[PDB]
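A single chain, nothing else alongside it, follows as structure tokens in the form deposited in one PDB entry.
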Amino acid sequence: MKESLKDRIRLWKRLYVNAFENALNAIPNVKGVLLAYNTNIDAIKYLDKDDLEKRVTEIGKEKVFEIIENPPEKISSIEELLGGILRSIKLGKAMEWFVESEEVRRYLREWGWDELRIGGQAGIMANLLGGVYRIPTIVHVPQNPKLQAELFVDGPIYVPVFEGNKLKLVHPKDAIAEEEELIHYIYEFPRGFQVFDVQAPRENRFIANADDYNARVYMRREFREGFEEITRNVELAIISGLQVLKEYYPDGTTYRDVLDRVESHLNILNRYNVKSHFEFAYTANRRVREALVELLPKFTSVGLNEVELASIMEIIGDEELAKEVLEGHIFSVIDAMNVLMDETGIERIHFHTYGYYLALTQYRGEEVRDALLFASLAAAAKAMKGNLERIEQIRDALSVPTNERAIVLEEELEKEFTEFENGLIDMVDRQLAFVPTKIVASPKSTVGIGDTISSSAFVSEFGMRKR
């Protein structure tokens, strides 16, 4: 007879338990992951009403409110900084503007922060894969002054240093350098935060970006001259941070100054049979977005969400498919994943959205689904606790109810794409895996989650499949 809704609920609970056990057994098999390129410092301030109003008044209230109506491209004055914050509160929208002015950068440091944590997709994933999962990790740190180095947690996290010719791997706190602090000031505000007449529709953040190095992808000399020797020490690589690249720069350089070098790294990784996963974050420039699609055949794997997959369909699908993917309509998402895998021949695509994940793979097996389940629990644990510290904290995410609507979506999906096992579907020359996720009702954290999902699935899948 058909498995009822209450039966599929029990069945997903058992799959989640077994997948957590299998991931914990498999993860010790991973002998190294490389993470590149973006690592910075995040300085978080929880905005205060009086303090923010006083600063708007000091600088000139008429100049600030004008900036909310006509926003600039980047921050070049204190008026523009505080205009962007109030616009972010008014619209309720996640914004990030680059700080060009040295005077504003001094003003931001004096205003300060309530909390400091590692930033950047590579930097955050070093603390997760190295600190929590204990996988030996080499991370790219474009500028490593003391304030940056000491944001890394204890565990097997490593950065390359040159001893004349010989490359060594040491903890980041053992490699402090006289280098720039790359700080992103994150001004956070709750649901219905109010300042003057302006009031927030929902909770969000404005980011003031004072980081010259990750914006242009300037790489350490150890990754420029010693990449092959780094490669010899890992089995996996996760590449992120290319989404900032512009087609043209005012100094006449272009995006290929960085992408030719990235491609040279991929050539090395593939010569050593390292499996690589690209985080295809939204890339505003369409010519750069297309050059990154054309680099996908040299990756093993790609991670993307509904905005990021819709964006890629705008350049290689069609606009109507892109619209449907943006909304997370499962059959259009599948069609899009298939179009991307037909265009690139990439072996793995992991899609993640609100309620469910999909993974389309050229190879077959239950490990693909169990890695998705582990990633779901890692994400729910991070959102629950704010930041994770040990891998046993992810066990508590087993208590978070699985999203019941996505259990029902599984039926709809299965009527067209028959399953051979729960969450697992054969196609002619590929496999599709589906899991319903764990949505945390009152999350302590809303940032770093997408990377947590995408990294955790890729690394635990490899660990489980390794033979």
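Quick note: we count residues from 1 along the sequence shown, nothing fancier. Only the largest set of C-alpha atoms that superpose within 1.5 Å between the two forms is called the rigid core.
Greater mean Cα temperature factor according to the PDB record, 344 to 352 or 76 to 84: Between 344 to 352 and 76 to 84, it is 76 to 84 that shows the higher mean C-alpha B-factor.
Would you tell me which stretch averages the higher CA B-factor in the PDB entry, 168 to 176 or 120 to 128? 168 to 176 has the higher mean C-alpha B-factor.
Peak C-alpha temperature factor (PDB record), options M427, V435, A43, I67: The listed residue with the largest C-alpha B-factor is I67.
Based on what the PDB entry reports, which of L242, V288, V159, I89 has the top C-alpha B-factor? Comparing C-alpha B-factors across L242, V288, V159, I89, the maximum falls on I89.
Taking the values exactly as deposited, rank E103 by C-alpha B-factor within its chain and report the matching third: lowest, middle or highest. Top third by C-alpha B-factor.
Taking the values exactly as deposited, rank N22 by C-alpha B-factor within its chain and report the matching third: lowest, middle or highest. According to the entry, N22 has a C-alpha B-factor in the chain's middle third.
Just say lowest, middle or highest third for the CA B-factor of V447 relative to the other modelled residues in its chain. Top third by C-alpha B-factor.
Please rank the C-alpha B-factors of the chain's modelled residues and tell me whether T39 sits in the lowest, middle or highest third. As the PDB entry reports it, the C-alpha B-factor of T39 lands in the lowest third of its chain.
Name the third of the chain's ranked CA B-factors that contains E404, choosing lowest, middle or highest. Its C-alpha B-factor, which the entry lists for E404, ranks in the middle third among residues of this chain.
Note that the form deposited in another entry isn't included here; everything after this is about it.
Picking from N273, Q362, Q199, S264, which residue has its CA shift by 2 Å or more between this form and the one not shown, once the rigid core of the two forms is superposed? Once the cores are aligned, the residue moving by 2 Å or more is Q199.
Using a superposition on the rigid core, decide whether the Cα position of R430 changes by 2 angstroms or more between this form and the one not shown. It does not, since the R430 C-alpha is displaced less than 2 Å between this form and the one not shown after the core fit.
Taking the rigid core as reference, does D51 move its C-alpha 2 Å or further between this form and the one not shown? Yes, the C-alpha moves 2 Å or more.
Please say whether, between this form and the one not shown, the C-alpha of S88 moves by 2 Å or more once the core is aligned. After core superposition, the displacement of the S88 C-alpha between this form and the one not shown reaches the 2 Å mark, so yes.
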